[PDB]
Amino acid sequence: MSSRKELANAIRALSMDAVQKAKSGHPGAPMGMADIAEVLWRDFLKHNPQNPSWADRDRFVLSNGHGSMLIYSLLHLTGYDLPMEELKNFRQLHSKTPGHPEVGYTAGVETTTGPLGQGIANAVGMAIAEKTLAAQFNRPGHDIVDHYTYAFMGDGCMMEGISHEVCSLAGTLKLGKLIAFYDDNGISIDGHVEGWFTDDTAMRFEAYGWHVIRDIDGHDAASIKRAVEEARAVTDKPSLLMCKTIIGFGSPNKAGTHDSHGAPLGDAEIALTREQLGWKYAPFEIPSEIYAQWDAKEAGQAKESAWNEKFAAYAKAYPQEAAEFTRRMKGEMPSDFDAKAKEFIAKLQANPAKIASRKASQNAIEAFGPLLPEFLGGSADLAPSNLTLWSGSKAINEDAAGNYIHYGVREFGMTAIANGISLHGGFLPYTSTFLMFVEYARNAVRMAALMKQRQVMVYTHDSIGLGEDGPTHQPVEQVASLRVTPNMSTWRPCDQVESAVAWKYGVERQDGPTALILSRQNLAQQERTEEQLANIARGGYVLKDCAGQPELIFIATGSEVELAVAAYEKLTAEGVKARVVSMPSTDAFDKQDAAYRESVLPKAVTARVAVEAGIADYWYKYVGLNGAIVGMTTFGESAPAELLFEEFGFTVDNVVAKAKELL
């Protein structure tokens, strides 16, 4: 017979007690948002704790991810597979309750947050995925896609620039099933936010085309419930609920203070908080009657069973559509994709074309597009330069059943939206910008790798080869930054064949992202045997060789393979024993077993010459201390590209000369 406030206080108790036992963590936000979470989760959220993978569940995102005990409490109380022992192991090694929530670690966590702002970006992507999937698959009388995307966010997320990027786009795309709750508590780590944060946030979001509900009492369940009902009734705009809350609600001495944000309350303060809240139970003790009101297993089972019957009827009327929905929601590839993609790759090798690898990428999209209806691609206002459109592209701002997103000049927001799209299921996202401006999206790229998400990242104009735009645009050190990122795959293809191989590798990579490093300028196609063609996917392989132990091994990537081969030919004609290794993917090469790596870069050969129009320091990993590196050590310059390659030493004469110093 517990009131709604008592049910919300169960969150407050678990959160402050788990933080206290860990001696680490953030009690303030869970305590401030517990009443909002109680209304959302018990009255509106459509979910099944017994199947967190239900395709048509509502999605919930905690963008203020430091309040991780909020989501752990909700998952535990509603009946997910997250036992009380895991809450007692909050922030402990290998527990299911890490200090910030991580997808895959924990039943029912939808995304990994912690980096402020990216949660709401992920939620925008999930709402775009639902809207697009519903438009693609729903049929008259068979609305098999119909779910909401709810997000919690705080002052930190609102101040971050990425909130502007993704909430602006969400207004453009009229994401009426996206409902965000703003924890308007007036506190951040430096103290009272008025010293640095004075936006009329409601007016700002109305400028984006959002429906905004002002001045909600975040500690009054009836007020919260009425607001959510209003937001769900507005079907043509995303909704922002401005919830006035007290951080650390319940703590007599730390509520409303920055002290409650990110440190344990302390045992004496917790005792006083129990007395103020009227919460009598000991740490990690929850009575059966409170579990009875929180549990979602019976309602969740019933809702998913109803949906399963709806999907079964859909599968009868629309069998091919239903098979595709199941395939795409599972992330499985079409059964014939491997064979058709290999046939395309073989055709390219047999039919040389000297084209830019950005064009080879577009040709792969055109080839794979008819086979991968799950593609949801886009570019950050650079479709005619990145070459991301194919004949079958259809912008979703024109047709909601389309497959292409004009992201605007929003690299960070684009990449984190795409993380939300990949997390949702049903799609294979690709994103695109000039390689330099990956630096604007850098942490979302890292988050894709950390979350093991499939996304193809199409990064063009990869070096001084772009020419006159100059050093603010010319990448030098960006590829190295990607190569040292754990679980990132990075490909710098040297011709149209390596480009198609890299695209196939990316779409088939189920457990992490793949960045394609693509040229502005035309790249010569290299000759390959059948064995060499198959070895491209091994990341590094012997392209040109000699009999016996080489005196020199050239290691080259991308547009510089043509230069390395030319130097190899000059040296071979003078009687030098040389080898050329093409290294389109250092990460794929590193994953090959020791025997294969020894066959490509034998330990006996120390005279190694790396050639790449990128930062030189990276290449010590493969050249060692007794070789040479023909690379960049400076920023670029504004000039025609052919003059730049000459000025910076990417000439046959310089490569030959640096190699001869090792003989």
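Numbering starts at 1 and follows the sequence shown. For clarity, a rigid core is taken as the largest C-alpha set superposing within 1.5 Å between two forms.
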Segment of greater CA departure in 6 other deposited structures of this protein, 615-623 or 591-599, core superposed: 591-599
More shifted region, core-based fit in 6 other deposited structures of this protein, 543-551 vs 366-374 by CA: 543-551
Per the entry, higher mean C-alpha B factor between 502-510 and 303-311: 303-311
Of 231-239 and 315-323, the one with larger mean CA B-factor: 315-323
Which of 462, 289, 560, 495 ranks first by CA B-factor in the deposited coordinates: 289
Criterion, highest CA B-factor; candidates, 389, 547, 445, 456: 547
Chain thirds of CA B-factor: placement of residue 576: highest
CA B-factor placement of residue 632, once the chain's modelled residues are sorted into thirds: highest
Among modelled residues of the same chain, the CA temperature factor third for residue 612: lowest
B-factor third for the C-alpha atom of residue 244 within its chain: middle
Position of residue 470 among the chain's modelled residues by C-alpha B-factor, lowest, middle or highest third: lowest
